[PDB]
Structures are given as C-alpha cells and as structure tokens.
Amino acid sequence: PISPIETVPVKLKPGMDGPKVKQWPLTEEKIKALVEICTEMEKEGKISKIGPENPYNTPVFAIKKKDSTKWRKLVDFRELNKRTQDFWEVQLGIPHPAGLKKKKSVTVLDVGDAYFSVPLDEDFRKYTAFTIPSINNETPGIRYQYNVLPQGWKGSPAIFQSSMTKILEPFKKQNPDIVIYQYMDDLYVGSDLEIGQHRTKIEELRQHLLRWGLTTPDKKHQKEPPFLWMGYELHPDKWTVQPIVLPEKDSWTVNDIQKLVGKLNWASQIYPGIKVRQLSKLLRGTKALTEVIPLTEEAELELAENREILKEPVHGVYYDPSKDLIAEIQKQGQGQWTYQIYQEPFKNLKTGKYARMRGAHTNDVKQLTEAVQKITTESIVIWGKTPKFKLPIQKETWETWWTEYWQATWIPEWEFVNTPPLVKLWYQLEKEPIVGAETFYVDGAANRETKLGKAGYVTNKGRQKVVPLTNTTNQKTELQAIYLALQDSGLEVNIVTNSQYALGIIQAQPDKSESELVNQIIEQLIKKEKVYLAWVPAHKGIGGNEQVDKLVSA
C-alpha cells in the first residue's frame, strides 16, 4: 500500500480559462503508435477517459527517442502554460563535483517515472485534457485527462522537485551521518560508513521512497565506481567531465561555431587555458545559422590551441574544508583570462575563464577586477567562502589604481604571483600642471548636417594648427584635437580642453579601445613622460580656449 503524496494546489492566471487546441495533423505512423501508449497509462492509474462534459483539450504529437525504435509522447502544453499560474522555481543552481567532499561509500540512484509518481491537483486535471485522432480523423477518437504531473507542463518540474524534498526531510533529519544531493529525480548519497551499513541505509532509503510511491529501478542504480552523475565521472579520489566531442568539420557554419564555442565553455571548467575570443568574433553580425564563415588566421590558431589542451585527459579533485581555497589568475591577451581554483598545488578543484569585453574602452586592471568578482561569486556558490587570490598584478600597481580612480573598487585578500604577462598601468596623468611644458589649448567642431569638421590647437609659445576633417562628429574632432597636441608636443605637455567627453575617457586610463582614434591617443600617452589634462567651461571667454574655438568653428 503506497502512501499518498499531498497534491500541490494550482490555479490558472486571473480571468483565464483552460486550453482549447485542435489536434495537429498527425501522420499514420504517429496516430497508430500512440493509441498503444494511452491505454497503458489508463491501466497504471495515470489517466482517466471521460470527456464529454470537458470542453478543454491540448495538442499531442510524438518524436522518436534519440536513435531508438521507440516512440515518445509529448503534449504541447504551451497554451496551458500561458494560462497556468506562475511558479517560483526552487532549483536555484546546479551542483558541481568540485564542491563534493571525498566519501568512503557512495551510491547514485534515480527515481523511476518521477513526474508520473506524484498526483496532480484534483481540480486542475480537467485543463490537461487532450484529443487523439482515431484513424486519421475518420471516427470520433478517445479523450483523456492527466491524473499526475505531465511532461511538458511548466508546473511539473517545480512541483515534483519540492515534493521530493518533503519526502526526504524526515530521513535526512533522522540520519545526519548521510549526505544526499538531490537534483530532480537523481540522488547522490555519500557517507563514511562501512559499505555494508551504506548499502543498508540505501535500502532503508530505497524502501522509504517506495512507501510514498517512488520506485528506484536497479538499471539506474549505480553501485560501483566510477559513478556517472550530472555529466561527470566520479572516481574515489578524482572527478572528471565526460568526454567532449569537438566538431572537426572543415567548412564551418554559424551554428557549428555556436556549437563549437558552447562546448569550450563547458570544457573550461576543468581544462585549463581555454580561449574563445577569436572563435566568437566570427559570429559577430547578423550572420544566419547557415552562413559558412572562413576561419581567420587568429581563429584557426585558437581552435588549434584548444585541441592541444583537450588531447590530454584532465581530472579535478574534491573539496577539503580544513584547507584554504586558492584562486590563481592568468592573462591570455585580447581581453581573455583564465583561472584555477585549488587547495593543493597542481590539484585543481576546478578551473574557468573570463573573456567579457564590457564597454568601448577598458584596461586590464578593470578586467582583472571583474575576474576576481566572478571567481568570488562562483566560490561562494560551491563552497560558501571566498578564496585567497594570487594575481599577476603588483601591489604597487593596484595601490596606484584604486586610490586614484574615482569610482569605489576593491579586491579581497590577495598576493602577487610573478607569472607574465603581468597587469600594469601604461601611463599616469599628472595631478598638477607641469612647469616649463608647453600649454596646448585644444578644441574641435563638426557640422551636424554636413559632417565636416576641424580640429586644432593654440599654444602659449605661439604654436598653432588646424586640420580639416570629413565624415566626423563633435566628439571625434574633440579627440582628434587632443591627439594633435600629443603628436606635436614634447615628452612633457599640458593640455586644456572643454570636452567633458574626451576627458571622461582618458582619465580612466584605458589601454585598449574599439575606437582607433582612442588607441592612437593611448599610444601617444604611453610615449609621453608627463601629461597634464585640464578642463575649462566652453564659451566663458577663457584663455586660449576662446581663441582655438574660433579656429575650428568658423
């Protein structure tokens, strides 16, 4: 006698009725294999037949299970899901084997027919109705309604996932010597008991589940390592991801690259040194999923370097709370970064990457800060604590940066590791004007309509320049003006602009930019020995600003 699982009350959204969709056209092979499935569902108690007083129905179809002769039944509840109440999903994340502690005894077993072992709410079953053609819509076919959580319904996951937790609640509390990771119907069970007592507890658990109607077939019952779990292979002292198949096709479509980049993301969690910059650049644009893209010389060198890494099989280790967490980061160029998290040298818990190019202007320090913040959040999720950081940036470099930057920023306890390429600042603007350096008053101007402009400067020594410009904007001219002053000055220079825009960029000390004009200014700023930028309000009749504004405007 099975114990009944208390139903979860479910509603539709306010002012909405049930679903009313006519059956899709259905080929003979599909119409015939289904009628075999429906009668069996009525047998085990999963479905009831009566329909005439039920105006609702949802479409149904069937696709072959992955390379199997079997036919799978699916219901297009997309219309019901719109009309069904919103749920709060209790699955907040995915477990990671790097967060597992080593255990002496382990088991992995699944629940057979997860969704169909939990009863649906009595009042909501009517809306799950559906209709199946008899023999090509010649006769009036069979109707049905679900009595359990159906596949394709947006509520089925969250509901079962929560019900499974209530059933486990008493067992976990009366067996604190056990650890149970539950992900949907998959159960990982570990302990430091003698395997006899482990197999015992697993049977107590195995029966405790059956008491509420949850079977645990022996097919899905893993007893001997390695344990297949969440896409990983769990050996006693090491874990590893299941094999990774990279497409080896010579003619690359968009989707093939998307598929390619996707696997390298998944691969980056254990295989150190993965890059995906140049491969992702190939996808930039409105390129359809069918367009063949020729791999650039940089993308071919990166895809080759990634295969070099995946040739050798890599394994990660398990967590030891007695030890600190170490996270070490390395720069790999082109706004890419890789990191390894470990407690013992050369025995990584896991690895990862960070290649985000956020913004038009950036520098390595900003990015390093962002990689620390990504690694931190990832560490809190898996281990509940922040790791010690080993960064390729010197204390003096970092101290200069955050003390002078105008936004708040910080890095947790960290130490320097001399692993080139180190992160550094490529130039530093002077805080006060430079005695003896020529003073350039710069400005620029462009015609909003004709898009023609001018850029130039005037100096205290009588130096002047003005340049005509085509297909430009006020912003670009104001930058070009600064660039001219930097080219035409000595190693030390003062500069005065009324461009709030140009100053906001430079003062952040970018080392890379999507604007070549900005990159050129950067290249110049690195060559100088002392630079002093200064801002003045426009059209206030000040100094050389008044003069140069007339040159570039009129």
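Numbers follow the displayed sequence, beginning with 1.
A summary of the deposited B-factors shows that, of 518-526 and 48-56, the stretch with the larger mean C-alpha value is 48-56. Higher mean CA temperature factor, per the PDB entry, when comparing 421-429 with 444-452: 444-452.
In this structure the maximum Cα B-factor among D113, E328, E399, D364 is found at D113.
Of the residues listed, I506, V496, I37, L491, the entry assigns the biggest Cα temperature factor to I37.
In the deposited entry, the Cα temperature factor of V292 sits in the top third of values across the chain's modelled residues. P387 sits in the lowest third of its chain by CA B factor, as recorded in the PDB entry. Remark: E404 belongs to the lowest third of its chain, ranked by C-alpha B-factor as recorded. Among the modelled residues of its chain, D177 has a C-alpha B-factor that falls in the highest third according to the deposited record. In this PDB entry, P9 carries a Cα temperature factor that places it within the middle third of its chain's modelled residues.
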